[PDB]
There are 2 protein chains.
Amino acid sequence: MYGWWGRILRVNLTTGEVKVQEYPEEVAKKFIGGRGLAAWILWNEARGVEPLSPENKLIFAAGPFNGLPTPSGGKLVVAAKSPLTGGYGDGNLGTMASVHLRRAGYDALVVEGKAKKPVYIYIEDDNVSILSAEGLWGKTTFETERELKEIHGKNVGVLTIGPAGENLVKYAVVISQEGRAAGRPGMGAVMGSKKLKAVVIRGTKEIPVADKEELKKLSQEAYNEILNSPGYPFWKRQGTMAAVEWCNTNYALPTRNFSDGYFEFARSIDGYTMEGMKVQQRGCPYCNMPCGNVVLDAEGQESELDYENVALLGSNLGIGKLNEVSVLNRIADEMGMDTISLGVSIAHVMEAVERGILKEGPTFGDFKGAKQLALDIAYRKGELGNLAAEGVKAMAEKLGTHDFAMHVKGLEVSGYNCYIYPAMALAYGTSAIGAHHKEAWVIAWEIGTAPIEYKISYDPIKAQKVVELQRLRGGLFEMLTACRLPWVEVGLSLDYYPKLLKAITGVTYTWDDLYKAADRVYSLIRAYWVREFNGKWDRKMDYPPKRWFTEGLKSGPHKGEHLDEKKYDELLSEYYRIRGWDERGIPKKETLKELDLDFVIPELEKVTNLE
Amino acid sequence: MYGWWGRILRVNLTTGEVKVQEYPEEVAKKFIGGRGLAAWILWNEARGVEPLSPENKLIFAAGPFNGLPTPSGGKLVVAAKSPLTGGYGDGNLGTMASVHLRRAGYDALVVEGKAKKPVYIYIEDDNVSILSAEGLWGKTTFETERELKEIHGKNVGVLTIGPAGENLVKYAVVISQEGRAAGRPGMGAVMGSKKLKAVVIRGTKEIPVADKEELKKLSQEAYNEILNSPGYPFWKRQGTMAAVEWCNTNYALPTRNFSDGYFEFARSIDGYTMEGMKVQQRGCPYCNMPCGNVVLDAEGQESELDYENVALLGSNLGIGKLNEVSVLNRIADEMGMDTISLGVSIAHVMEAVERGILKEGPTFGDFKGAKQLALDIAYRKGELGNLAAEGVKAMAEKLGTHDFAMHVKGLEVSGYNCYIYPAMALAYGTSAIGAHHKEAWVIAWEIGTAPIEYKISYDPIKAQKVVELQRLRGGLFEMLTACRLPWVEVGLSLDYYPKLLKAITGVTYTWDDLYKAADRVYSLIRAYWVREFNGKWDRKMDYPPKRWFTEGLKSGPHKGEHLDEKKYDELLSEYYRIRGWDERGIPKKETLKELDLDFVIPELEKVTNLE
Ligand code: SF4
Ligand code: SF4
């Protein structure tokens with residue numbers, strides 16, 4: 001076997017047992033890695049488990065591209081049954097831990113059980129130990145990684161959780177290298193529930209490559225193509241922050257809990273403003289187009305800015321000064337909580353306060369109040385911090401505020417306001433893990449323009465475009481696993497991927513093979529949700545928030561415009577037709593058989609009727 | 001006598017003598033105060049003196065508006081014979097020193113002589129002393145003022161020089177409250193040449209007012225008019241920083257030593273970027289429309305930004321990040337040196353380096369090199385730093401780089417590139433103290449738009465507009481002395497001024513009375529220059545820099561356009577006709593008699609032939 005090790009590191013925190021599981025080359029070829037491998041593991045090992053119980057499996061899954069010098073191939077997938085959504089949950093982050101896990105001889109790391117006290121997992125090739133982290137517990141993510149490196153050396157990959165993870169904030173994430181984050185659906189809370197403070201990894205092994213020279217050649221070509229792309233200069237300057245102006249121009253910038261798609265103060269929180277306050281730039285392993293832009297916040301502290309962070313903690317909160325939004329951003333990284341769900345939870349509180357629903361709490365534009373709430377959420381201080389720490393779905397159940405609860409499947413909607421964007425609304429509605437733009441950022445195509453540089457339509461071809469994008473963004477890139485931005489942003493040819501894959505693994509994958517592996521992952525993931533939800537499931541699970549159907553844009557040429565539910569419903573049926581799912585969004589028996597998921601049928605039938 | 005004290009504090013640092021000069025009420029009425037009073041004093045007391053010798057007079061002149069609660073009436077004029085230009089030199093700054101000097105019982109303070117060692121002047125009502133400042137010498141302006149208040153208390157007004165003043169940098173200024181500056185033509189160097197490190201002032205006396213009730217009424221109306229003006233909100237947000245975009249849009253933003261009027265990276269150093277970096281907002285005494293916008297620079301330090309500072313230290317130097325420009329800005333303030341002349345001098349060096357004329361030094365866009373040169377100028381360290389510390393006129397004589405030496409009469413050109421703006425070019429050409437936009441910011445009217453919110457033309461009305469603006473901006477406002485921005489930016493009515501002047505002094509001044517006093521000051525100032533130049537004077541003294549006639553814009557729909565020498569010369573003759581001046585730029589015997597300036601006739605006749 002080349003590329004894949006066929007090895008998965010297993011750590012049981014309850015028993016202290018550490019072992020290496022060998023999985024068949026057939027499974028590796030069939031699921032490829034990252035999310036695929038994770039979905040296979042969770043389907044088999046997390047049936048009916050409580051997300052915060054010792055039985056949940058915390059998975060760190062790499063893929064064949066990882067550990068090797070592949071173009072922006074320093075990504076890693078973190079997965080577990082989600083404490084926020086109750087379904088399959090995952091996330092991705094660039095981190096040296098990805099390079100080291102693979103160079104240490106493993107394709108993935110699976111943590112089960114729960115330690116008796118705070119501990120961290122140490123991995124140096126074949127030497128794996130569960131060590132006491134009593135001294136680290138309570139420290140920020142930044143401080144935890146800094147201290148671990150002060151002991152073991154700079155040459156290690158470190159994954160940590162901060163107080164939000166330790167306190168089981170439902171959208172707590174895993175942090176690496178002060179800025180890289182993974183696991184919006186609460187991977188950080190699953191990590192915290194096991195009393196797992198960090199993971200330190202070092203690898204030195206040579207990963208067996210089927211064609212060393214092709215690999216080295218293809219990689220050099222791709223790097224050069226990136227360096228020579230016309231978008232490279234502007235990408236180097238603004239990175240994802242170029243989307244603030246682009247979204248504002250197109251009425252897609254979430255403003256005041258998604259109330260409007262335009263923000264009057266977007267310029268003072270945009271990419272140009274960011275350029276003027278940038279002090280450093282860093283990136284993920286093996287990437288020659290770094291986009292981790294670091295600024296100084298209002299308190300003079302370094303903060304790494306990404307578009308989503310700014311959109312959800314800036315315009316979405318009615319906060320118009322980038323230096324202030326940057327303080328909130330830093331807090332999220334330090335505490336280890338998702339900037340998106342954090343911002344949407346805060347915005348939800350702000351709307352409830354302005355409406356008189358909540359007697360106390362911050363209002364839109366209130367930076368000091370937003371900062372205090374962010375901190376109270378991470379430390380679960382007071383009734384408000386505790387409520388908001390649960391996310392908008394849970395919070396809305398308690399407050400009767402479902403009308404303005406911006407989420408899909410319990411996962412908070414990200415940085416694109418879709419009052420007039422049917423395809424993007426469908427992307428959020430059908431995202432495998434819950435509302436996220438990860439799997440299909442189709443709004444650009446719907447508009448005809450993109451950040452590096454209108455008539456509302458429900459054409460069934462939009463459902464086809466979303467499935468196509470999900471195959472690449474929610475499948476391929478989450479399985480390799482590698483950054484999708486070189487392709488998305490600078491236009492690196494997708495042809496490099498199946499070639500790099502054969503050069504590495506020696507297996508020839510055609511685009512249809514890849515499209516099929518991605519579809520298998522999608523149906524398996526959906527199957528997981530259906531099974532864990534005990535068959536209680538229908539098409540409404542794939543609907544975007546009610547706000548986009550009952551309210552419209554508040555300003556500009558498109559004022560009053562919104563989504564037509566009837567037409568959205570028809571577009572959803574088209575999505576199901578293309579995926580081979582029934583009108584409830586559940587995979588059909590024939591579809592499962594065709595995707596080599598026969599094993600799913602018996603289990604799903606114990607819970608509902610299949611078609 | 002009301003309003004005016006009719007008293008001038010006299011401090012001789014050579015003899016240690018402190019006395020109070022009582023001057024005539026008719027002189028007070030005739031010159032009003034500020035620059036008018038200063039020009040009267042310099043004509044009489046700085047005849048033929050070397051600017052850096054003990055005989056030069058350093059004047060801190062206030063007017064009837066000062067010390068009283070008048071709308072933005074906390075300004076102060078600092079004047080002396082200029083070490084940079086060799087003629088009349090002055091500047092203005094907002095400072096509690098203004099309020100305290102007048103409440104202490106004086107209309108002005110005149111310092112003559114030179115101390116044997118560093119000293120500071122201490123003024124508390126009638127108690128005035130020259131005290132040792134040996135421990136303060138060498139400290140920054142910020143630290144000097146901070147330490148003085150730690151001794152004397154926070155309720156004092158303080159004026160200081162930093163190392164640039166101490167080291168006689170030709171464009172050294174006087175600084176107050178970390179950000180307020182005065183005296184571009186080297187007032188700081190004059191102060192430093194006297195070994196005067198600072199002036200600390202405290203006043204408690206009630207200033208006699210003709211009509212206290214009218215004064216209170218008018219000020220209140222004016223304050224409310226400011227608060228309710230349509231421009232108030234945007235002014236509060238961006239202040240003068242709104243000019244970066246306005247100038248860039250109009251090809252008037254000095255870029256790379258005025259090479260072009262358009263900067264490709266203007267957005268990253270503009271007013272919106274500043275808003276996203278603002279952490280504090282300060283202002284001058286008695287102002288309800290504060291514009292001292294404080295940001296954190298690239299090193300996390302506070303830096304108060306003004307348009308000119310950013311245009312001359314940013315676009316003019318090819319530096320496109322506001323955080324970096326802010327480091328240069330803070331250095332200028334700390335060292336006590338003019339941001340404009342500093343930037344124009346650094347830009348001059350950058351062009352000479354690029355052109356190979358200088359073999360060592362910073363080039364455009366080199367922030368680290370610019371910072372090092374700014375520090376070397378302040379401390380006069382090295383041949384290059386010592387040369388640039390002399391100003392562009394002097395530096396150009398040594399390097400043979402007159403072609404790109406942007407100055408008029410030795411004073412560096414400010415933040416408006418006039419390749420296609422004849423009236424603004426004439427404003428710079430005729431400015432009483434040398435190149436400055438202070439006396440006539442006519443570019444706004446020439447274009448038809450303003451920052452608060454084209455066809456070239458040499459229409460003789462342009463000269464009439466420059467004269468009208470000079471009467472107000474270089475006359476009235478420099479004599480009161482009060483901020484001209486409420487009127488300029490927010491549209492406060494000019495009708496308040498004659499009414500407040502009457503309520504204060506009891507003397508009624510019709511607009512014609514004020515225009516005559518302003519022209520009187522302009523002709524007296526002109527007479528001072530001619531006299532001091534020993535009659536060596538002609539119309540070329542009032543010409544804009546050669547570059548605006550010799551080259552044109554480098555981009556935009558106006559690419560290649562420049563000023564025309566013949567049409568400019570005709571426009572200048574129109575300016576002379578309106579002012580009653582020779583074709584050499586010297587007042588006519590009839591004009592001098594007209595303005596009650598007969599005493600200057602004998603003096604000018606001794607040096608040249610009058611008309
Ligand atoms: S483009 Fe950005 S997110 Fe992608 S690998 Fe590079 S630094 Fe990481
Ligand atoms: S408008 Fe600005 S410069 Fe004028 S008095 Fe007010 S704070 Fe000072």
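Below, read A as the first sequence line, B as the second, and so on, with proteins coming before strands; counting in each chain starts at 1. Whatever order the structure lists ligands and atoms in, that order sets their numbers, starting from 1. These numbers come from the heavy atoms of this one structure, side chains and all, not from hydrogens, waters or symmetry mates.
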Protein heavy atom at shortest distance from atom 1 (S) of ligand 1: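 It is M289(A) O, 3.6 Å.
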Would you check if there is a donor-acceptor pair between the side chains of [Y] and [X] at a distance under 3.5 Å?
X	Y	value
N293(B)	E304(B)	no
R184(B)	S341(B)	yes
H437(A)	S414(A)	yes
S303(B)	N329(B)	yes

Need the ligand 2 atom indices (1-based, order shown) with element for anything under 4.0 Å from a heavy-atom of [X].
X	result
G283(B)	7 (S)
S72(B)	5 (S)
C284(B)	3 (S), 5 (S), 7 (S), 8 (Fe)
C291(B)	1 (S), 2 (Fe), 3 (S), 7 (S)
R180(B)	3 (S), 8 (Fe)
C483(B)	1 (S), 3 (S), 4 (Fe), 5 (S)

With a heavy-atom distance limit of 4.0 Å, tell me whether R484(B) approaches ligand 2 through its side chain, its backbone, both, or neither.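 Near ligand 2, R484(B) shows nothing, with every heavy atom at 4.0 Å or more.
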Run the numbers for me: atoms of ligand 1, each under 4.0 Å from some heavy atom of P290(A), listed by number.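 Counting atoms of ligand 1 from 1, those under 4.0 Å from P290(A) are 7 (S).
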Any atoms of ligand 1 less than 4.0 Å from a non-hydrogen atom of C287(A)? List them with their elements.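 Under 4.0 Å from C287(A), ligand 1 has these atoms: 1 (S), 5 (S), 6 (Fe), 7 (S).
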According to the interplanar angle, ranging from 0 to 90°, do the rings of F65(B) and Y497(B) count as parallel (below 30°), tilted (30 to 60°) or perpendicular (above 60°)?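 Plane angle under 30°, so parallel.
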Can you say whether the rings of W246(B) and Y416(B) are parallel (under 30°), tilted (30 to 60°) or perpendicular (over 60°)?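 The rings of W246(B) and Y416(B) stand perpendicular, inter-plane angle above 60°.
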At a 4.0 Å cut-off, with the gap strictly under it, does some heavy atom of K75(B) reach an atom of ligand 2?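 Distance cut 4.0 Å: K75(B) passes for ligand 2.
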Hey, is NZ on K499(A) packed in by over 12 heavy atoms from elsewhere, all under 6.0 Å?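 No, not enclosed.
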Could you tell me whether the side chain of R180(A) and the main chain of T95(A) form a donor-acceptor pair under 3.5 Å?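 Pair absent, no side-chain N/O of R180(A) close to backbone of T95(A).
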